[PDB]
Ligand SMILES: Nc1nc2c(ncn2[C@@H]2O[C@H](COP(=O)(O)OP(=O)(O)OP(=O)(O)O)[C@@H](O)[C@H]2O)c(=O)[nH]1
Ligand SMILES: Nc1nc2c(ncn2[C@@H]2O[C@H](COP(=O)(O)OP(=O)(O)OP(=O)(O)O)[C@@H](O)[C@H]2O)c(=O)[nH]1
Ligand SMILES: Nc1nc2c(ncn2[C@@H]2O[C@H](COP(=O)(O)OP(=O)(O)O)[C@@H](O)[C@H]2O)c(=O)[nH]1
Ligand SMILES: Nc1nc2c(ncn2[C@@H]2O[C@H](COP(=O)(O)OP(=O)(O)O)[C@@H](O)[C@H]2O)c(=O)[nH]1
Ligand SMILES: [Mg+2]
Ligand SMILES: [Mg+2]
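Protein chains in written order, with full-length UniProt numbering: chain Y, 14 to 42, 52 to 60, 84 to 116; chain G, 1 to 436; chain X, 1 to 427; chain D, 1 to 440; chain A, 1 to 440; chain W, 57 to 147.
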């Protein structure tokens, strides 16, 4: 779970450290940490009525956006 | 996709409309906060006809509320189902009208108009496909159509391009107790015809008679009078909202009830009205609904249907039902009294069957009729302009403002010809030779 | 890895800049004592754009606090986040500004330019690859218009290749604070049209109007106005600070909004503005945010866009968002309003999308628009200038420091070309 | 290999097909979720579903149907109903606004906004087809999309597919019971297109199915569902020989060459004789003679016109069940001995006979009964002229005062098209007269 | 052995390649970290990974890609993403500050400081290469670093590596909407740079992906991730015949000799036919004849254009999965007989076909479905002159008033190259139309 | 109605709320004034005017007789159902 050598940007307390590789001086040094990255069958997609919370979301089918809205 | 925006004007639009929105919220299953607590899914399938989804599971209506007095729609926003309306829709003036119609058209010409047009615009455009608008108001007050033909002449510029219903409260025939009253009856008309042409004229005197003789409520307020109209408003839109065996939206009613383009007269009526002590002893059958909705008693407009001819009849019913009983209503009453169903129209009845009934009731209907006995409604207003128009005595209050009095005198000329056009199609028969 | 050094001048610009450092801090989760306590590593990913590391897990903002009187530096320091500023960056004079342009640019500005340039060039060499500047000031006061213009002149003479930005409070027609208000403005924008290359034009009655009938606050103080201008202050630079599906830095907005080397005055804005009573009644999605872009309801400058035509517009979005739902709708608002956008420009709009939304908001955006309606503002204050200059009303204060008669009319000949250039390309 | 695409247009057409595809799936082994069940088999395979269903690689049967309609919440009943996964979501296509009982709106204003998509789906459904016999449409003469959009569909299908056996099923406005006031306008306008672009137009009335439900089926207060099952029973019998083998297998092409004698006369009378309730079905024997007799009875017709005022031209009898040819010939012979049943002298033969071995299938919750044998009658009389002369009386009664005409002229048609639609109707009565008088 | 180098320059190209390389890893057995799981069954050959991946001892496979940009904010999410250990750390090179929608900056200002380190790395990859076919770059067509750095990259890689089949993937700004106002300036400036150095520059639109996903996938409001996913499949289909054996193997050199009839007409359009949802693939039968026909429909093209106007010149079709050659020969023959699809009169052959034995891999969380058959067709037609003429007028309408010119001429670039790129665009259009009329 | 002519029982109250867009708050506490009227058994609630943050303020529910929670809704609110530090449901 280290930083790759090509990585520019900001890592804390890099300026006061020395003598170690970029994957070791970063790996030695927040709870929500995501940078490193560690019913649908009861309705057909031609439907044109209304379901709540169903006019918002992508990354999945219409027949799947009524899955995530219900579930 | 098909959708309605409710415009409420006056106290009358605001008090009737507030009762209307609580009815629809019960029918669709919305609490006074704005969330859904219904016991079915079809109560939610077409709720994009009157309500918009706001983030948080909070359904919000699509009514813009218009009045020229701040005080009236604070009671609307603090009523039982009153916090559902979004505040921006609540568009108020600071000074309204009073006493003189001539004041009413020489008072606030264009101040509140453009503010409402912005609200009507955003609410209509942020949607899919507009079925139309509906407007609740009464023909009265210290302005009549004085604010009206002032404010709405800026809105009628493009509004008659789609559907626009109007449940209008017509003046009652009782007494003249507004002192200088018979000047607001003449200056009311102008464009009283050619901008809605789907007006459901609703009298308050007939509203009491259904509450006194039919419902047998001892003390009917204005509130339960607004309950009767709210059922009818729900009735003419229930095929659009709830599924049915024979669907009929607003246009399908409008196409199938309006032979000529100058017929803003649809006297309403709700079939299964029974007293509380007599509801237990009620059959509630298809003939039972039909003998009440066609009856002169159950007519929310002070015009007895046996004074003229039904030009066209609509029969939007609700439940699991029949329609052939209505056929016997012509064949008995028409072919025997041909003056109660217009003969140059072969079949005068449109029917509709919406499966989901009103709450509590098993079966219902919603009659609207274009009977030619509505000649008398714009005739009581006709003897109520001529009676005091010629003296112009207390009109010195009018005189200070006092617009062009050709506009005084051209309004009834655009009303008595409407009566004549109804007198024609009451007396016109199939073989056009025997009435000359 | 790119960075923006911050500067602020004047009394209002100090408080606007201070409120900007409130907004950056809690969006990047850093407390009044400069220690990180938020919960996201996105927050410290691009922290070097505005802040500097200090020993002990400590983050200090990179800003230079500038004025003439010591009555504003102690007020900012006494504030809730006044401690995070470096005291060595507190560069200021001794005597008062005097609400005069020639006092803050010629006489008392000359003893501080040797101090403010060294502290800026100290912060411009400790960095990796410099990109641009930020300045908060106004055109109504003395020190905000005099040294807030002299600072612009000296920096470009030293850093010509870095895209300068300055966010100015242009004067108000009716809400008037000083009687020499059009004097200080027309002199300042005489240089700001030449040596800025990007600046945003912010009124104060529009801030009053959007805080009264949009946000629905009864008695708005200054602080909520500072928070509202700081909301659009940070949204320009959010593409530097968090990733996205197409990003746009300050140089990207400069090349791709400014059509000609002189017309770089823009209208700010911020999309999810709503009262506390209407928050439950808003379906917070981009079909209502895109209409919130182009309507005059959310204009932070009080020149209505319907009396002009949009040259170029940028809309920088922040949140988990669909892409055609922005892309098709920004086309549709151009198609539905064809007369409000200029010809000789096919698409008038930039879309930029940032991944991370602000705290507590699922979805936000900031409006940035170039309109020909800016000429309404500059011609009006030109008329207000010549109402007093032909009388030689208040020049006795300005002429005492070494300003002759022709330095004023040269500024107006170099200002009336702005309304001339805007009208020339409006039709 | 032999097959036909079914088109369902209008609220009438969609609701007919829902009780019709319910019959078709149950006639075969097809469940509401498309797939046939692994356990239990309804019969031999024979690839008999091919006439109405298409087989996929995963083992799913898909109906060759398009549910095209401008009314959104009658198709969404199918979209949330039991037959959910049977149909494609893109086979079921909806408009945004109704035609509102306007022929002009369904033909000109709304109809052009959806005619491109439905022809693309008809083309894609027919592209995998090999030996397509023809099309079946289901509509009513009174609706907007049932008359206007139907008329536009035959206009486009005539040039895209040429001369092809394009059958038509429709619902007539009854003489008395009618749910619309503009209904004589829509019926007289859509027949102006049916007369030239429909190869055969089956003629069905609401009042007559109301009459046979209360009299034969012995049910009081019948609903639209019961009329829907009676129609789907006949349409199954029309396409009966396409799927099941019989003594006399009769094709859709053999229908047209043996029913309609001249290119305007394609309006057969529909009759289903063994329609009987379960409590009175198993008591008496149902011979093939007495159900051939019940086909010629005046009240068992499904259009309100008795053939005593007319003369028969060609009768197509479609028998199903345990029916041998020899006693059909005895039943036909004893009909010919009656002088009350009038036959034209230019059809000495008169009858076309089709025998099938598959008896009709009963639906759960239906009101019919399981009969060993059954018959469908396709008559052709001059008595249909009085069913249209009443419609002209209904049309002329309200067109003469120009009632409801501005509800048509404003929506993209001229006033002369009304007189042009009555024109072909003014000729159709005289066309039925000239094939009725005896040659001397 | 059958290898290619895929340098992905631009902020769009690195995000196209993010979903392109996730498809490549899951098509083989390579995990997101680069590990190659033992005793796991996958469907390649044994040297199938060798097109896009190198072999190390520890089982780690590294992609043969170089991610190039000038914004450090879009590779840092790759450099910290799930695919950190996949890419070798020196592959993911970055810039210092944005190119900022400027052809004059990515070609003259920042590119010179970093093009020296780009081609040196391509030398490090090509030295390890032994049988190289071509170069697969991914870039946008109207950006700063996708249109300015791309020109320096291609011009230098063309002169260093000589004659090598350097094909190109680009995202074309055709339609009514765009993400920038200065973007039409970048469009024609990079067209001159890709006119003589490119060999097969495939154009892909953005609104075209929007319409085919909204319709065929039944999915509303797209983001860029599923746009990346579809491009990943349409490049994986192209290079599948290098990675897997098939009935008709088509190498990348076989594309060159017949997709490009003249050396200036090397802009083929692409199309992927089974873009089908997870629910519909369970409903429709998927066969060769009806998706080859559905591939030529104008509503499924990857470029927002009208192929019914221009007449086709060359089409190659690539088939994946259970495809047999006679079904294609029936599918091609039934398309040559369609009169709505028009070819140029000179070439009667028209088509090339390749059949691969590997069905496409569907990624978890995607929108496509597990189909046993796929068609990817690369069409060279006369139609893209429409997409080019309304971009040339889109440029000219800006260039007349000299808008957004001082930003370009202020650094590196002189004004005279604007008119030279415009007249070469006119010469490109004119030469593209002079191969349209019928010879005599 | 003559022994209780102008006698009103007044209570403090507040409502908890969930906010969709948490730009300035996480949970809301809106103060209220429960008025009970002895002459007609009638309930009125009010929202007092606060600082520069305004809602639509004023009357929240009009002076009418709110029945009960949906269990046994036929009855109405009396003086015995009102107490301090308790939970009462108004629509
Ligand atoms: N037999 C039968 N007839 C029906 C049924 N439903 C509707 N109809 C017929 O349809 C007529 C009503 O008009 P429709 O054709 O349904 O109108 P529509 O199809 O909804 O078309 P639009 O008016 O454009 O919306 C009635 O006169 C009935 O005869 C049904 O379920 N069974
Ligand atoms: N499919 C897809 N397209 C993208 C994505 N990101 C950017 N694009 C495309 O890139 C276009 C804008 O990017 P460009 O301005 O060309 O960016 P560029 O080519 O990398 O050059 P720069 O502007 O300097 O970053 C948009 O119209 C998108 O079509 C992505 O993640 N997926
Ligand atoms: N049904 C009903 N009628 C009302 C109400 N308020 C007023 N009206 C009727 O409207 C007439 C006067 O109302 P009006 O002055 O027009 O109210 P305005 O529109 O606000 O000016 C009276 O004769 C009443 O009968 C109400 O709340 N309900
Ligand atoms: N947003 C914001 N604007 C302010 C604040 N204080 C003052 N202003 C604006 O700035 C103007 C006064 O600043 P100015 O006189 O130019 O300050 P000076 O340059 O130091 O003299 C007023 O018109 C205000 O509209 C503040 O705290 N926040
Ligand atoms: Mg319908
Ligand atoms: Mg980029």
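Think of the CB as a built atom: it goes at the ideal place given N, C-alpha and C, for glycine as much as any other residue.
| Item | Value |
| --- | --- |
| Closest Cα partner of residue 321 of chain G within the set G:284, G:339, G:302 | G:284 |
| Contact shell at 5 Å, judged by CB to any heavy atom of ligand 3, ordered along the chain | G:10, G:11, G:12, G:15, G:138, G:140, G:141, G:204, G:222, G:225 |
| 8 Å Cβ cut-off: residues of chain A touching residue 58 of chain D | 282 |
| Touch test, the stretch 305-317 of chain G against the stretch 149-160 of chain D, Cβ-Cβ under 8 Å, three pairs minimum | no |
| Spatial distance of residue 95 of chain G from residue 5 of chain G (CA atoms) | 26 Å |
| Residue 265 of chain G and residue 377 of chain G closer than 9 Å at C-beta | yes |
| Members of the stretch 126-158 of chain D near chain A, C-beta cut-off 7 Å | 127, 128 |
| Nearest-residue set for ligand 6, Cβ under 5 Å from any heavy atom | A:11, A:71 |
| Beta-carbon proximity check, residue 203 of chain X vs residue 170 of chain X, cutoff 9 Å | yes |
| Residues sharing a beta bridge with residue 200 of chain A, DSSP | A:167 |
| Residue 44 of chain Y: contacting residues in chain A (beta-carbon distance under 7 Å) | Coordinates for residue 44 of chain Y are lacking, as chain Y steps from 42 to 52 with nothing built in between. |
| Residue burial classification, residue 479 of chain D (beta-carbon count within 10 angstroms, cutoff 16) | Outside the modelled stretch of chain D, which goes from 1 to 440, sits residue 479 of chain D, for which no answer is possible. |
| Local conformation of residue 66 of chain X per DSSP, three classes | strand |
| Members of the stretch 266-292 of chain A near chain D, C-beta cut-off 8 Å | 279, 280, 282, 283, 284, 285, 286, 287, 289, 290 |
| Span separating the alpha-carbon of residue 238 of chain X from that of residue 237 of chain A | 38 Å |
| Residue burial classification, residue 438 of chain D (beta-carbon count within 10 angstroms, cutoff 16) | exposed |
| Straight-line gap, residue 242 of chain X to residue 73 of chain A (C-alpha atoms, nearest Å) | 8 Å |
| Test item: CB-CB of residue 203 of chain A and residue 16 of chain A under 9 Å | no |
| Proximity of residue 317 of chain A and residue 267 of chain A at Cβ, strictly below 9 Å | no |
| Touch test, the stretch 148-155 of chain D against the stretch 26-41 of chain D, Cβ-Cβ under 8 Å, three pairs minimum | no |
| Which of helix, strand or coil DSSP assigns to residue 4 of chain G | strand |
| Element boundaries [alpha helix (DSSP H), containing residue 115 of chain D] | 115-127 |
| Ligand 2 heavy atom lying under 8 Å from the CB of residue 209 of chain A | yes |
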